[PDB]
Ligand SMILES: O=C([C@@H]1C[C@H](n2cc(-c3ccc(F)cc3)nn2)CN1C(=O)CCCc1ccccc1)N1CCCC1
């Protein structure tokens with residue numbers, strides 16, 4: 001199978017660092033410089049072996065053709081009203097980027113408002129954030145190039161879709177919030193830095209500030225409204241209250257669901273927005289999350305997890321703000337997580353719950369919190385919503401494993417509410433009735449019951465004969481809920497596969513306690529949970545180790561890379577996308593400092609002792625048993641991934657190829673592909689998505705010798 005040779009890769013045997021008495025050698029530390037001739041030559045040499053391996057077997061073309069056919073279906077966002085007009089996103093099927101449309105009424109002719117496709121030949125300029133002015137007449141939007149997190153903000157007048165001159169640079173991880181007087185907009189920027197700011201650099205991002213841009217002026221005149229010079233990791237995002245009276249500042253440090261909450265009563269400014277605002281430090285610690293829902297005068301409704309790990313709604317009166325005075329509007333549920341809340345039609349709340357990893361949607365009274373109406377849903381996810389306080393209708397978008405889903409609409413001015421199907425598309429080529437989704441709960445090592453969804457063809461025999469594709473993430477309070485993937489359904493239909501998604505700890509599926517169960521000292525629970533999911537699929541006869549592929553991206557790429565090191569005997573194939581691999585150095589680059597809330601940081605002796613045990617870069621070891629080799633492994637990254645800098649995957653593949661690839665018993669390939677004009681994944685054009693999934697499934701097919709089923 002292996003008709004190539006791994007590239008020679010220099011080992012700097014002098015690269016030795018002491019961590020609290022523990023010496024660590026890092027012979028590929030030089031791969032941390034993305035700009036060097038050495039690193040560029042490494043990337044070229046690696047792509048030179050991977051690409052022919054992926055493209056060789058005809059199965060890639062079969063998969064690509066079917067993906068192109070089946071992914072070509074119309075894709076809509078919810079409609080949403082801003083001022084006098086409605087907007088929605090739409091992709092006719094295979095456009096690289098979805099297009100923003102406008103119409104003057106629901107029954108009215110729609111026209112193109114913003115088409116990002118015309119901004120690049122290859123679809124690599126994408127929308128990243130936007131905000132309409134409160135009256136709907138002006139529009140700010142972020143553009144990112146080549147998949148970087150960096151944003152340039154541009155502006156348009158809505159009537160006539162007129163480009164304006166205003167341009168804001170150095171924007172990253174930014175809010176966008178217009179004052180209701182229509183004068184200007186809050187946003188965040190970083191100070192100037194040496195070197196590049198295009199997504200290929202690794203430079204740490206510190207000292208983010210909050211600015212106010214007056215429409216019709218140069219960025220150099222923007223007002224500095226908040227800064228944290230003694231706290232370089234703090235990030236302050238602004239939003240206006242629904243009545244326009246208050247700027248609410250949510251300060252974050254790290255990725256935990258907590259924030260400080262400061263407010264500025266704009267009417268109390270001495271002369272409008274002229275400098276640092278008169279912040280009132282309502283919640284001046286990082287002990288809980290406070291997510292603004294709405295206010296009525298001084299009574300502010302927040303979604304919180306303060307002593308409520310499944311979340312709840314509280315009212316804080318700014319005139320009586322002591323915690324013992326807060327009113328619990330909607331108490332916490334014993335098991336169900338309150339995922340998000342919106343206020344609509346003045347005095348309604350829309351609450352979206354997660355119940356055993358499936359969404360529900362409810363309408364409640366704002367004054368009392370009482371339940372008024374259940375909006376019924378099939379088993380799946382709510383993935384889009386519109387309906388703000390001044391609006392009188394909601395749209396929401398549902399999706400599931402087997403259907404691209406439905407957009408529903410409900411006119412909330414009606415005495416008797418009845419949600420109605422607004423848009424529904426069906427994918428022909430996949431008959432949903434041929435498949436089933438089951439949810440099971442399996443015990444992990446410590447006995448905890450973990451949910452898992454399994455999707456498969458109805459009537460299969462559980463005789464261990466089927467290829468399986470097992471996905472997980474496990475971190476950052478992210479809940480992995482049902483979603484429609486044509487790419488995975490092609491694996492089911494045309495490769496005879498079984499799909500599985502394990503809701504391992506670290507996620508948000510059972511609230512903040514589920515999250516804390518997969519972080520810091522307990523990060524190993526994630527790996528244990530995921531290995532136990534694989535053991536479940538094997539014991540129950542869905543699959544066998546030689547037929548099992550695991551996949552994860554980002555924090556999920558860490559997941560699958562560590563699982564390869566810890567249990568190589570369990571997996572046939574591992575695909576780690578954009579993964580965090582160097583757990584000792586991740587905090588040094590770009591925004592990696594923010595992840596210390598899930599992982600810890602190697603600067604601490606205690607944290608180092610957790611991290612060293614599972615860090616993928618530091619645990620590559622030949623399996624002791626003669627009959628055990630590493631699984632086939634493919635790492636996917638891209639040269640503008642400034643979220644997880646690609647040195648993680650570069651150093652990891654160098655280590656895999658040297659320690660394991662050189663061994664006589666290793667015949668499974670250990671490969672990387674580094675894409676160009678792409679980053680962590682947000683905004684990736686359709687063309688690149690199709691190539692990526694074709695690479696993934698070709699790798700699986702070749703390594704596991706799976707025949708195509710037409
Ligand atoms: O990018 C990240 C983390 C994960 C975190 N995240 C993503 C999602 C998500 C969920 C659903 C979905 F469809 C798409 C994305 N939810 N949380 C945002 N993150 C960051 O690093 C965010 C960086 C910016 C930041 C930092 C601190 C405070 C605020 C903002 N990581 C990369 C390596 C592992 C963590």
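Residue 1 is the first one shown; counting continues down the chain.
Any Cβ shown, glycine's included, is placed from N, Cα and C.
Positions annotated as N-acetylmethionine by Swiss-Prot: 1. Residue 1 (N-acetylmethionine) falls within neither a helix nor a strand when secondary structure is assigned with DSSP, and so counts as coil. Neighbours of residue 1 (N-acetylmethionine), defined as other CB atoms within 10 A of its CB across all chains, total 10.
Here Swiss-Prot flags 157 as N6-acetyllysine, drawing on similarity to another entry. Its Cβ placed at the centre, residue 157 (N6-acetyllysine) has 14 other Cβ atoms within 10 Å. Under the three-state DSSP scheme, residue 157 (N6-acetyllysine) falls in the strand class.
Annotation source Swiss-Prot lists active site, charge relay system at 554 (among others), citing experimental evidence. The Cβ of residue 554 (active site, charge relay system) has 21 neighbouring Cβ atoms from other residues within 10 Å, across all protein chains displayed.
If you look up Swiss-Prot, you'll see 641 (among others) marked as active site, charge relay system. Of all Cβ atoms in the protein chains displayed, 29 besides its own lie within 10 Å of the Cβ of residue 641 (active site, charge relay system).
Taking a C-beta cut-off of under 8 Å and a sequence gap of six or more, residue 680 (active site, charge relay system) has these contacts in its own chain: 147, 149, 554, 578, 638, 641, 642, 643, 644. Feature annotation from Swiss-Prot assigns active site, charge relay system to 680 (among others).
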Residue 1 (N-acetylmethionine) and residue 157 (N6-acetyllysine), distance between Cα atoms, whole Å: 59
Three-state secondary structure, which DSSP defines for residue 641 (active site, charge relay system): coil
Sequence-ordered recorded positions from 157, 554, 641, 680 with Cβ under 6 Å of an atom of ligand 1: 554
